[PDB]
Amino acid sequence: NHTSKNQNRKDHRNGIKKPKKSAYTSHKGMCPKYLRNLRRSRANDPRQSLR
Amino acid sequence: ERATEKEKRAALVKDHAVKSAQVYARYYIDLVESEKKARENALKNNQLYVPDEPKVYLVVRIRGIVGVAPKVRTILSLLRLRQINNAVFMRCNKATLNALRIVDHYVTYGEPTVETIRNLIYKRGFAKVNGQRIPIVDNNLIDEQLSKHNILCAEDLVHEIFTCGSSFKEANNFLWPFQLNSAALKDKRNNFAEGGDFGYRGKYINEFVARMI
Amino acid sequence: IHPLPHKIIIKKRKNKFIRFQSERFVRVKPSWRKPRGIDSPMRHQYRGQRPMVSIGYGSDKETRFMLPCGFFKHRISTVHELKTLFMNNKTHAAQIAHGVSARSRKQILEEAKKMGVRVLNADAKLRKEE
Amino acid sequence: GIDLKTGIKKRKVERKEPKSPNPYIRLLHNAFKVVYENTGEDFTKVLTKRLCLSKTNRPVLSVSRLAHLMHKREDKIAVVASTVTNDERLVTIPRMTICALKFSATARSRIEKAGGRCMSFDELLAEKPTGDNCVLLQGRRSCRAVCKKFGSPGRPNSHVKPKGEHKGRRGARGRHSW
Amino acid sequence: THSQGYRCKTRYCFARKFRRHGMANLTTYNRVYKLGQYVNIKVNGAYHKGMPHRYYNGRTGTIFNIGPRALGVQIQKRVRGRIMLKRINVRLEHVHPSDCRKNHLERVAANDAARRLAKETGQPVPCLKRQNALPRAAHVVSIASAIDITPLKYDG
Amino acid sequence: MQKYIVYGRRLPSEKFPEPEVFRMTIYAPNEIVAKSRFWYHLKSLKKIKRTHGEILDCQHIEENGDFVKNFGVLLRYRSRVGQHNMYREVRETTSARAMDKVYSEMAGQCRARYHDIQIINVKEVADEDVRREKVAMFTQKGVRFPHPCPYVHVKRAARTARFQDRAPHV
RNA sequence: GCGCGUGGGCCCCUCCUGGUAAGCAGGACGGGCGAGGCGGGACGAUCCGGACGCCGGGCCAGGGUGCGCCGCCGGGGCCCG
């Protein structure tokens, strides 16, 4: 009953989809200390988006 | 305005063809003369002159599209052979030579003579323009696409493809894979080495292609 | 009365496609129906089966809809209609409609002769008067 | 037979013409297509496509957004393929030249009360088929609630609200719930 | 397969080498790993804590995060049709630096540096395109000292 | 079938900056088979694969056919039993022609194809040196035998639509 | 984005487990049939070729060429298929 024949042909029908650009550069799982300091550096001089 | 460009361009291309027909004709003669002379000189010095290994090959697909494993399908697609009795010009690089071994059962290849190049381009040769198959009936439509490559005429084309010259890639892509008549094929399942027809045939690809062109 | 010259009319298939097993049963009328069986010899298209309807059998566009006389056909049921049909028309002919009575057909034919539009069925329903 | 199923990636489908019964929209599309067939200006091709799109892909742009977007350039003529709508929040409205497919009557009144003409695409073809001094603008396409419900609400990386009442605790309160 | 624990089928891969048993060399801890650098993850059996799973062994990836005791590595894993980034936290011992991009860095240095060296001397730009082997040239070879060869009989 | 002599060498390396040239006499149908056989022999006898080697020449040899000379071929056939050895003796005008006769008997008598047989040696034997009776019988100066196949002359009955008025005599 | 069918599969290779072993029972790379006409293999859903609009030429794959039944001869060897 168990069988995986035709699984690879089915996967390669239009597959090998890459993960996505947001995934490669993300703030997920990163060191919380790194994230906090990054926000302070951004919040000054040109990068600051604060009004 | 357009009339001047067509009268001016046509003459320039026609001059390139008559002037370089003699120029290339001597260059082909030069190749035979250089090899023949060195062979004899080497024999005089008691050495054997090896000739240069082929820079270009004529690859013809001899099997069909049913039952091809996925790797073999991809390699054929890149070689632009997608149909039986179809023939393409492919450069010889370790990449191309090591890929063609993988697909040897479905193809037969060998270095092409300049009469084979001329009779393939002239009679069965077509152009990929805007992804259309436009027949090559004149040196003028060759000029518009390969104008940057300095190749301005059909004889100029045969030289670049025969010599795997600087403007080879652009020129082989410009040539729509040749669709040829049915292959003779003594045996489709065994290599020419076994007396069949698959794989390298060397000089004999000029004889095999003669009936198909 | 004489058609424009035109090109040879080539019909790809002379005989009408007939539905599978039309001969075996009266209930199965000759009208074409697509072969639909799971194990239909026709759907498979095995050797010795009846031919299958394909767009390929299509007539040349210029000859499509053209009748053997060389003119095409535009039906007319009245005289007003015939003057509209022939207006600027050297490529068409008019079959009088079946419904048109013998009395009215005389008007259509007499106008057609003046108009110059050919009538395919000019001899239909001709038996003097009542 | 030829192997055309290796490096060929199938045929995509796109809206070549508007499916709108409105003959004036259909006429403008043919006109902006005819202009771009002659002069290949990007603005004219893009307008032709934006006229073709569906209501869902043609979101409204309010006078407030147009004010912010054209703040840098008063001279440039704004172009919106969707209808323009009034902002009751924007008590004072600038002077703008806008070619919209339709204007809400309140917006038309406010823009013209501020001295700015409410142009139409018929006027745009007549004055600037080229699009010199013209900016093409679009409404936030994902403004519809339908666009925030799309997805699977329930998987851990969802950030999508459940579709319906719900009113229970399994999954509703944390991944550890369930 | 009737059992699927974390360490199933790991008898040989998670095993230490012929003469590598003991504790990891202090170079691993001293080594500096920077953000985005290519690392290669090979599980070390001795250091059980913070071990990667067997799939992420042999996989090469980029450091998404640099933390205290452990780093975070993203490697692309193929599941069915899609290839999805797996962000994993691995102890320093399991992760080592990668020389996968080293070739490009060597070529990139020579690419710019040779071009400048020739810039002072011969004007034609040096070709910087790797050609794949290519065929053979004229090549003359002496025959005078040739050896005749004949097949030997099946002695048995 | 065509008598080619091939010259080939190991690809030049830093260890072997002048590799050793090896010559072979390969009787083959075509140059492509001849160079394949040359590489097969070099692989076993000299450990050189084609991938690590270059053939420098494969020259066709043409031999005159003025007179019949006896020729001897020592070969190592392979039957389903395993590899063996065999000496043959063929009277033919040219070595390539004699080798063709050699391959056809080994096909009929011992059921071995071209690729099964390996030719250890070919040579020209004298009228004195003949070792086998068949070559010896015709080697002698005077040889008169009645026509071996007089009946073969029915090759004409094929075309005569086979309706001769009388049944032909031989 | 929006759905539909499907969720009994089976063969030919190649490596298998297992059973004494099967047109046997389970696995796997690929291909095939399923859902692929057509020619051949006498006959065979899967074998060898070829994978299909409707056609008129030509070419020719695989398999063959006494006669059924389209199409062959020539040479070397072998011989109570």
# chains A, B, ... in the order shown; residues from 1 in each chain; ligands from 1
>>> residues_around(residues="segment 153-160 of chain F", least_positions_apart="6", cutoff="12 Å", atoms="only C-alpha atoms (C1' of nucleotides)", output="MDAnalysis selection string")
(chainID F and resid 147 167:170) or (chainID G and resid 66 72:74)
>>> write_last_selection(atoms="N, CA and C atoms (P, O5', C5', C4', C3', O3' and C1' of nucleotides)", output="PDB file, in the first residue's frame")
ATOM      1  N   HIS F 147      35.797 -28.015 -60.454  1.00  0.00           N
ATOM      2  CA  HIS F 147      35.133 -26.810 -59.922  1.00  0.00           C
ATOM      3  C   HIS F 147      34.445 -27.219 -58.624  1.00  0.00           C
ATOM      4  N   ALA F 167      16.012 -29.337 -68.704  1.00  0.00           N
ATOM      5  CA  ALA F 167      16.629 -29.124 -67.387  1.00  0.00           C
ATOM      6  C   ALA F 167      18.158 -29.053 -67.525  1.00  0.00           C
ATOM      7  N   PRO F 168      18.810 -27.907 -67.104  1.00  0.00           N
ATOM      8  CA  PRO F 168      20.190 -27.648 -67.472  1.00  0.00           C
ATOM      9  C   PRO F 168      21.213 -28.664 -66.955  1.00  0.00           C
ATOM     10  N   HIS F 169      22.284 -28.799 -67.729  1.00  0.00           N
ATOM     11  CA  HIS F 169      23.314 -29.787 -67.337  1.00  0.00           C
ATOM     12  C   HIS F 169      24.376 -28.986 -66.598  1.00  0.00           C
ATOM     13  N   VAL F 170      25.220 -29.642 -65.817  1.00  0.00           N
ATOM     14  CA  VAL F 170      26.321 -28.870 -65.175  1.00  0.00           C
ATOM     15  C   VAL F 170      27.613 -29.089 -65.967  1.00  0.00           C
TER      16      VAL F 170
ATOM     17  P     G G  66      11.952 -14.740 -48.472  1.00  0.00           P
ATOM     18  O5'   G G  66      11.354 -15.279 -49.864  1.00  0.00           O
ATOM     19  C5'   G G  66      12.264 -15.753 -50.882  1.00  0.00           C
ATOM     20  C4'   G G  66      11.614 -16.898 -51.616  1.00  0.00           C
ATOM     21  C3'   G G  66      10.081 -16.891 -51.626  1.00  0.00           C
ATOM     22  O3'   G G  66       9.574 -16.223 -52.781  1.00  0.00           O
ATOM     23  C1'   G G  66      10.859 -18.965 -50.786  1.00  0.00           C
ATOM     24  P     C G  72      12.264  -7.819 -53.756  1.00  0.00           P
ATOM     25  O5'   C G  72      13.835  -7.975 -53.596  1.00  0.00           O
ATOM     26  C5'   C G  72      14.383  -8.561 -52.409  1.00  0.00           C
ATOM     27  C4'   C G  72      15.667  -9.263 -52.749  1.00  0.00           C
ATOM     28  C3'   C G  72      15.650 -10.780 -52.608  1.00  0.00           C
ATOM     29  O3'   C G  72      16.536 -11.274 -53.597  1.00  0.00           O
ATOM     30  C1'   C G  72      17.391  -9.900 -51.323  1.00  0.00           C
ATOM     31  P     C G  73      16.166 -12.568 -54.442  1.00  0.00           P
ATOM     32  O5'   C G  73      17.571 -13.000 -55.057  1.00  0.00           O
ATOM     33  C5'   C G  73      18.714 -13.241 -54.215  1.00  0.00           C
ATOM     34  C4'   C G  73      19.796 -12.226 -54.488  1.00  0.00           C
ATOM     35  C3'   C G  73      21.213 -12.710 -54.240  1.00  0.00           C
ATOM     36  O3'   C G  73      21.774 -13.504 -55.284  1.00  0.00           O
ATOM     37  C1'   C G  73      20.930 -10.623 -53.196  1.00  0.00           C
ATOM     38  P     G G  74      22.794 -14.713 -54.942  1.00  0.00           P
ATOM     39  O5'   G G  74      24.157 -13.984 -54.503  1.00  0.00           O
ATOM     40  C5'   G G  74      25.000 -13.398 -55.522  1.00  0.00           C
ATOM     41  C4'   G G  74      26.081 -12.590 -54.851  1.00  0.00           C
ATOM     42  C3'   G G  74      26.954 -13.347 -53.853  1.00  0.00           C
ATOM     43  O3'   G G  74      27.920 -14.200 -54.440  1.00  0.00           O
ATOM     44  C1'   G G  74      26.305 -11.328 -52.896  1.00  0.00           C
TER      45        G G  74
END
>>> residues_around(residues="residue 26 of chain A", least_positions_apart="6", cutoff="12 Å", atoms="only C-alpha atoms (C1' of nucleotides)", output="ChimeraX atom specification")
/A:20,35 /E:64-65,74,85,87
>>> select_by_dssp(residues="segment 91-142 of chain E", states="strand (DSSP E)", output="count of residues only")
7
>>> closest_atom_pairs(of="chain F", to="chain B", cutoff="9 Å", atoms="only C-alpha atoms", output="JSON lines")
{"residue": "F:7", "atom": "CA", "partner": "B:48", "partner_atom": "CA", "distance": 8.5}
{"residue": "F:29", "atom": "CA", "partner": "B:195", "partner_atom": "CA", "distance": 8.4}
{"residue": "F:30", "atom": "CA", "partner": "B:193", "partner_atom": "CA", "distance": 8.8}
{"residue": "F:31", "atom": "CA", "partner": "B:202", "partner_atom": "CA", "distance": 8.7}
{"residue": "F:32", "atom": "CA", "partner": "B:193", "partner_atom": "CA", "distance": 6.2}
{"residue": "F:33", "atom": "CA", "partner": "B:193", "partner_atom": "CA", "distance": 4.8}
{"residue": "F:34", "atom": "CA", "partner": "B:193", "partner_atom": "CA", "distance": 8.5}
{"residue": "F:35", "atom": "CA", "partner": "B:193", "partner_atom": "CA", "distance": 9.0}
{"residue": "F:36", "atom": "CA", "partner": "B:193", "partner_atom": "CA", "distance": 6.6}
{"residue": "F:37", "atom": "CA", "partner": "B:193", "partner_atom": "CA", "distance": 8.7}
{"residue": "F:55", "atom": "CA", "partner": "B:50", "partner_atom": "CA", "distance": 8.3}
{"residue": "F:56", "atom": "CA", "partner": "B:50", "partner_atom": "CA", "distance": 5.0}
{"residue": "F:57", "atom": "CA", "partner": "B:50", "partner_atom": "CA", "distance": 6.4}
{"residue": "F:115", "atom": "CA", "partner": "B:194", "partner_atom": "CA", "distance": 8.1}
>>> interface_residues(of="chain F", to="chain G", cutoff="7 Å", atoms="only C-alpha atoms (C1' of nucleotides)", output="JSON list (two decimals) with C-alpha atoms, in the first residue's frame")
[["chain", "number", "residue", "atom", "x", "y", "z"],
["F", 101, "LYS", "CA", 38.76, -14.10, -43.72],
["F", 104, "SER", "CA", 34.58, -14.80, -40.59],
["F", 105, "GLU", "CA", 35.83, -18.28, -39.78],
["F", 107, "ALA", "CA", 32.37, -16.18, -36.37],
["F", 108, "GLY", "CA", 31.19, -19.40, -38.02],
["F", 109, "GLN", "CA", 33.44, -22.01, -36.34]]
>>> residues_around(residues="segment 21-26 of chain B", least_positions_apart="3", cutoff="8 Å", atoms="only C-alpha atoms (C1' of nucleotides)", output="NGL selection string")
:B and (17-18 or 29-30 or 155-156 or 159)
>>> write_last_selection(atoms="N, CA, C and O atoms", output="PDB file, in the first residue's frame")
ATOM      1  N   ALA B  17      30.562  40.109 -49.148  1.00  0.00           N
ATOM      2  CA  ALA B  17      30.465  38.721 -49.639  1.00  0.00           C
ATOM      3  C   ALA B  17      31.439  38.454 -50.789  1.00  0.00           C
ATOM      4  O   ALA B  17      32.114  37.430 -50.719  1.00  0.00           O
ATOM      5  N   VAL B  18      31.509  39.313 -51.811  1.00  0.00           N
ATOM      6  CA  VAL B  18      32.427  38.959 -52.935  1.00  0.00           C
ATOM      7  C   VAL B  18      33.858  39.059 -52.428  1.00  0.00           C
ATOM      8  O   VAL B  18      34.645  38.169 -52.751  1.00  0.00           O
ATOM      9  N   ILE B  29      41.841  26.829 -47.799  1.00  0.00           N
ATOM     10  CA  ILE B  29      42.970  26.184 -48.516  1.00  0.00           C
ATOM     11  C   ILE B  29      44.178  26.226 -47.576  1.00  0.00           C
ATOM     12  O   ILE B  29      44.915  25.228 -47.503  1.00  0.00           O
ATOM     13  N   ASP B  30      44.332  27.317 -46.828  1.00  0.00           N
ATOM     14  CA  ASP B  30      45.512  27.464 -45.941  1.00  0.00           C
ATOM     15  C   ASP B  30      45.489  26.324 -44.937  1.00  0.00           C
ATOM     16  O   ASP B  30      46.561  25.770 -44.661  1.00  0.00           O
ATOM     17  N   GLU B 155      28.706  33.290 -46.115  1.00  0.00           N
ATOM     18  CA  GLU B 155      30.060  32.675 -46.083  1.00  0.00           C
ATOM     19  C   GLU B 155      30.783  33.130 -44.807  1.00  0.00           C
ATOM     20  O   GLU B 155      31.531  32.325 -44.243  1.00  0.00           O
ATOM     21  N   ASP B 156      30.599  34.386 -44.393  1.00  0.00           N
ATOM     22  CA  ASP B 156      31.188  34.858 -43.114  1.00  0.00           C
ATOM     23  C   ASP B 156      30.650  33.962 -41.997  1.00  0.00           C
ATOM     24  O   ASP B 156      31.431  33.619 -41.087  1.00  0.00           O
ATOM     25  N   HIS B 159      32.378  30.538 -41.767  1.00  0.00           N
ATOM     26  CA  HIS B 159      33.756  30.593 -41.230  1.00  0.00           C
ATOM     27  C   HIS B 159      33.646  30.617 -39.712  1.00  0.00           C
ATOM     28  O   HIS B 159      34.361  29.841 -39.076  1.00  0.00           O
TER      29      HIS B 159
END
>>> interface_residues(of="chain B", to="chain E", cutoff="10 Å", atoms="only C-alpha atoms", output="ChimeraX atom specification")
/B:35,38-39,42-43,45-56,91-97
>>> write_last_selection(atoms="C-alpha atoms", output="compact mmCIF listing (two decimals), in the first residue's frame")
# COMPACT_ATOMS: atom_id res chain seq x y z
CA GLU B 35 48.49 20.43 -42.01
CA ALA B 38 53.72 20.02 -41.20
CA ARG B 39 52.86 16.31 -41.49
CA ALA B 42 57.51 16.16 -38.91
CA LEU B 43 58.07 12.91 -40.82
CA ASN B 45 62.41 15.18 -38.45
CA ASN B 46 61.13 11.72 -37.37
CA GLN B 47 58.23 13.06 -35.31
CA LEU B 48 54.45 12.86 -35.70
CA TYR B 49 52.48 16.11 -36.02
CA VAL B 50 49.14 15.87 -34.18
CA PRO B 51 46.35 18.17 -35.62
CA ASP B 52 44.30 20.39 -33.29
CA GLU B 53 41.35 18.66 -31.51
CA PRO B 54 37.93 19.75 -32.94
CA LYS B 55 36.53 23.11 -31.75
CA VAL B 56 33.00 22.43 -33.13
CA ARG B 91 31.16 24.01 -29.40
CA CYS B 92 33.65 21.56 -27.82
CA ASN B 93 34.32 22.50 -24.14
CA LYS B 94 34.81 20.02 -21.25
CA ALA B 95 31.31 21.13 -20.23
CA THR B 96 29.82 20.33 -23.66
CA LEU B 97 31.88 17.09 -24.20
>>> residues_around(residues="residue 52 of chain E", least_positions_apart="4", cutoff="8 Å", atoms="only C-alpha atoms (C1' of nucleotides)", output="short mmCIF file (atom, residue, chain, number, x, y, z; two decimals) with N, CA and C atoms, in the first residue's frame")
data_model
loop_
_atom_site.label_atom_id
_atom_site.label_comp_id
_atom_site.auth_asym_id
_atom_site.auth_seq_id
_atom_site.Cartn_x
_atom_site.Cartn_y
_atom_site.Cartn_z
N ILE E 41 27.88 22.71 8.53
CA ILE E 41 27.50 22.10 9.84
C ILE E 41 27.80 20.61 9.82
N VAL E 43 27.95 17.49 12.56
CA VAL E 43 27.64 17.20 13.98
C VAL E 43 28.84 16.54 14.67
N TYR E 56 20.64 18.28 8.85
CA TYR E 56 21.55 19.45 8.78
C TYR E 56 22.99 19.00 9.06
N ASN E 57 23.46 17.96 8.38
CA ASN E 57 24.87 17.52 8.50
C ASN E 57 25.38 17.45 7.07
N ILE E 88 18.28 27.37 12.20
CA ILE E 88 18.55 26.41 13.31
C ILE E 88 19.56 27.01 14.28
N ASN E 89 19.47 26.70 15.57
CA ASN E 89 20.52 27.23 16.48
C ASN E 89 21.50 26.11 16.76
N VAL E 90 22.78 26.33 16.48
CA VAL E 90 23.77 25.23 16.63
C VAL E 90 24.91 25.70 17.53
N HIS E 94 29.71 22.31 16.67
CA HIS E 94 29.12 21.68 15.46
C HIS E 94 29.41 22.46 14.17
#
>>> select_by_dssp(residues="segment 27-141 of chain B", states="alpha helix (DSSP H)", output="PyMOL selection string")
chain B and resi 27-45+70-78+94-102+114-119+139-141
>>> atom_distance(atom1="atom CA of residue 119 of chain D", atom2="atom CA of residue 78 of chain D")
9.4 Å
>>> atom_distance(atom1="atom CA of residue 81 of chain C", atom2="atom CA of residue 1 of chain C")
18.3 Å
>>> residues_around(residues="segment 48-64 of chain G", least_positions_apart="2", cutoff="8 Å", atoms="only C-alpha atoms (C1' of nucleotides)", output="PyMOL selection string")
(chain B and resi 64-66+181-185) or (chain C and resi 12+54-58) or (chain D and resi 1) or (chain G and resi 36-41)
>>> closest_atom_pairs(of="chain A", to="chain D", cutoff="12 Å", atoms="only C-alpha atoms", output="JSON lines")
{"residue": "A:12", "atom": "CA", "partner": "D:6", "partner_atom": "CA", "distance": 11.2}
{"residue": "A:13", "atom": "CA", "partner": "D:9", "partner_atom": "CA", "distance": 10.1}
{"residue": "A:14", "atom": "CA", "partner": "D:9", "partner_atom": "CA", "distance": 8.2}
{"residue": "A:15", "atom": "CA", "partner": "D:9", "partner_atom": "CA", "distance": 11.4}
{"residue": "A:28", "atom": "CA", "partner": "D:157", "partner_atom": "CA", "distance": 11.5}
>>> residues_around(residues="residue 9 of chain A", least_positions_apart="3", cutoff="12 Å", atoms="only C-alpha atoms (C1' of nucleotides)", output="VMD selection string")
(chain A and resid 4 to 6 12 to 16) or (chain B and resid 69 to 70) or (chain E and resid 80 to 81) or (chain G and resid 29 to 31)
>>> write_last_selection(atoms="N, CA and C atoms (P, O5', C5', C4', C3', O3' and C1' of nucleotides)", output="PDB file, in the first residue's frame")
ATOM      1  N   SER A   4       6.081   5.539  -3.052  1.00  0.00           N
ATOM      2  CA  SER A   4       6.371   6.972  -3.298  1.00  0.00           C
ATOM      3  C   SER A   4       6.778   7.152  -4.756  1.00  0.00           C
ATOM      4  N   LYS A   5       6.475   6.172  -5.609  1.00  0.00           N
ATOM      5  CA  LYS A   5       6.763   6.327  -7.059  1.00  0.00           C
ATOM      6  C   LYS A   5       5.927   7.482  -7.608  1.00  0.00           C
ATOM      7  N   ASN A   6       6.504   8.304  -8.496  1.00  0.00           N
ATOM      8  CA  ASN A   6       5.802   9.447  -9.149  1.00  0.00           C
ATOM      9  C   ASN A   6       5.803  10.650  -8.200  1.00  0.00           C
ATOM     10  N   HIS A  12       8.430  17.876  -9.240  1.00  0.00           N
ATOM     11  CA  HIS A  12       9.156  18.717 -10.223  1.00  0.00           C
ATOM     12  C   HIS A  12       8.223  19.227 -11.317  1.00  0.00           C
ATOM     13  N   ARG A  13       6.904  19.120 -11.149  1.00  0.00           N
ATOM     14  CA  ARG A  13       6.001  19.549 -12.248  1.00  0.00           C
ATOM     15  C   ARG A  13       6.201  21.043 -12.497  1.00  0.00           C
ATOM     16  N   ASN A  14       6.294  21.859 -11.452  1.00  0.00           N
ATOM     17  CA  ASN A  14       6.618  23.302 -11.626  1.00  0.00           C
ATOM     18  C   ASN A  14       7.213  23.678 -10.277  1.00  0.00           C
ATOM     19  N   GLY A  15       7.979  22.764  -9.686  1.00  0.00           N
ATOM     20  CA  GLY A  15       8.467  22.965  -8.307  1.00  0.00           C
ATOM     21  C   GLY A  15       9.850  23.552  -8.165  1.00  0.00           C
ATOM     22  N   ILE A  16      10.592  23.116  -7.143  1.00  0.00           N
ATOM     23  CA  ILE A  16      11.926  23.707  -6.823  1.00  0.00           C
ATOM     24  C   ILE A  16      11.679  25.204  -6.595  1.00  0.00           C
TER      25      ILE A  16
ATOM     26  N   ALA B  69      14.789   9.762 -19.710  1.00  0.00           N
ATOM     27  CA  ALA B  69      14.881  10.064 -18.265  1.00  0.00           C
ATOM     28  C   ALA B  69      15.044  11.573 -18.107  1.00  0.00           C
ATOM     29  N   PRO B  70      14.692  12.195 -16.968  1.00  0.00           N
ATOM     30  CA  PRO B  70      14.703  13.651 -16.873  1.00  0.00           C
ATOM     31  C   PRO B  70      16.044  14.355 -17.115  1.00  0.00           C
TER      32      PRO B  70
ATOM     33  N   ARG E  80       9.263  18.011  -0.273  1.00  0.00           N
ATOM     34  CA  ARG E  80       8.346  17.858  -1.428  1.00  0.00           C
ATOM     35  C   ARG E  80       8.830  18.790  -2.534  1.00  0.00           C
ATOM     36  N   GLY E  81       7.923  19.546  -3.152  1.00  0.00           N
ATOM     37  CA  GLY E  81       8.292  20.515  -4.206  1.00  0.00           C
ATOM     38  C   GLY E  81       9.083  21.718  -3.722  1.00  0.00           C
TER      39      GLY E  81
ATOM     40  P     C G  29      11.749   6.085  -6.319  1.00  0.00           P
ATOM     41  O5'   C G  29      12.846   7.047  -6.953  1.00  0.00           O
ATOM     42  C5'   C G  29      14.233   6.940  -6.597  1.00  0.00           C
ATOM     43  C4'   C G  29      15.078   6.938  -7.844  1.00  0.00           C
ATOM     44  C3'   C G  29      14.342   7.274  -9.128  1.00  0.00           C
ATOM     45  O3'   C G  29      14.206   8.677  -9.321  1.00  0.00           O
ATOM     46  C1'   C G  29      15.700   5.360  -9.465  1.00  0.00           C
ATOM     47  P     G G  30      12.842   9.283  -9.907  1.00  0.00           P
ATOM     48  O5'   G G  30      12.699   8.602 -11.350  1.00  0.00           O
ATOM     49  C5'   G G  30      13.132   9.364 -12.496  1.00  0.00           C
ATOM     50  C4'   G G  30      13.547   8.422 -13.596  1.00  0.00           C
ATOM     51  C3'   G G  30      12.440   7.976 -14.550  1.00  0.00           C
ATOM     52  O3'   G G  30      12.110   9.011 -15.469  1.00  0.00           O
ATOM     53  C1'   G G  30      13.708   6.113 -13.916  1.00  0.00           C
ATOM     54  P     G G  31      10.593   9.596 -15.622  1.00  0.00           P
ATOM     55  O5'   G G  31       9.937   8.771 -16.845  1.00  0.00           O
ATOM     56  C5'   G G  31      10.653   8.696 -18.100  1.00  0.00           C
ATOM     57  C4'   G G  31      10.574   7.291 -18.643  1.00  0.00           C
ATOM     58  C3'   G G  31       9.173   6.757 -18.945  1.00  0.00           C
ATOM     59  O3'   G G  31       8.661   7.202 -20.190  1.00  0.00           O
ATOM     60  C1'   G G  31      10.370   5.136 -17.742  1.00  0.00           C
TER      61        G G  31
END
>>> atom_distance(atom1="atom CA of residue 104 of chain E", atom2="atom CA of residue 130 of chain E")
11.4 Å
>>> interface_residues(of="chain E", to="chain A", cutoff="12 Å", atoms="only C-alpha atoms", output="JSON, numbers by chain")
{"E": [35, 36, 61, 62, 63, 64, 65, 66, 67, 68, 69, 70, 71, 72, 73, 74, 75, 76, 77, 78, 79, 80, 81, 82, 83, 84, 85, 86, 87, 88, 89]}
>>> decode(residues="segment 66-90 of chain C", atoms="C-alpha atoms", output="PDB file, in the first residue's frame")
ATOM      1  CA  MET C  66     -19.944  28.351 -51.114  1.00  0.00           C
ATOM      2  CA  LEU C  67     -22.458  26.272 -53.140  1.00  0.00           C
ATOM      3  CA  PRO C  68     -21.369  24.243 -56.259  1.00  0.00           C
ATOM      4  CA  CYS C  69     -22.603  26.974 -58.722  1.00  0.00           C
ATOM      5  CA  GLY C  70     -19.784  29.244 -57.383  1.00  0.00           C
ATOM      6  CA  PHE C  71     -22.170  31.695 -55.672  1.00  0.00           C
ATOM      7  CA  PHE C  72     -22.911  31.459 -51.929  1.00  0.00           C
ATOM      8  CA  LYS C  73     -26.464  31.414 -50.496  1.00  0.00           C
ATOM      9  CA  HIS C  74     -28.570  34.124 -48.729  1.00  0.00           C
ATOM     10  CA  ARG C  75     -32.263  33.096 -48.313  1.00  0.00           C
ATOM     11  CA  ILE C  76     -35.030  35.584 -49.350  1.00  0.00           C
ATOM     12  CA  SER C  77     -38.708  35.354 -48.233  1.00  0.00           C
ATOM     13  CA  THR C  78     -39.982  38.636 -49.790  1.00  0.00           C
ATOM     14  CA  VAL C  79     -39.167  41.130 -52.593  1.00  0.00           C
ATOM     15  CA  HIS C  80     -37.973  43.964 -50.284  1.00  0.00           C
ATOM     16  CA  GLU C  81     -35.493  41.491 -48.766  1.00  0.00           C
ATOM     17  CA  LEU C  82     -34.147  40.522 -52.232  1.00  0.00           C
ATOM     18  CA  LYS C  83     -33.387  44.155 -53.121  1.00  0.00           C
ATOM     19  CA  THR C  84     -31.459  44.482 -49.829  1.00  0.00           C
ATOM     20  CA  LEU C  85     -29.575  41.170 -50.480  1.00  0.00           C
ATOM     21  CA  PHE C  86     -28.513  42.111 -54.003  1.00  0.00           C
ATOM     22  CA  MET C  87     -27.682  45.733 -53.086  1.00  0.00           C
ATOM     23  CA  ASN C  88     -23.883  45.838 -53.752  1.00  0.00           C
ATOM     24  CA  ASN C  89     -23.720  41.999 -53.946  1.00  0.00           C
ATOM     25  CA  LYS C  90     -21.892  40.217 -56.807  1.00  0.00           C
TER      26      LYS C  90
END
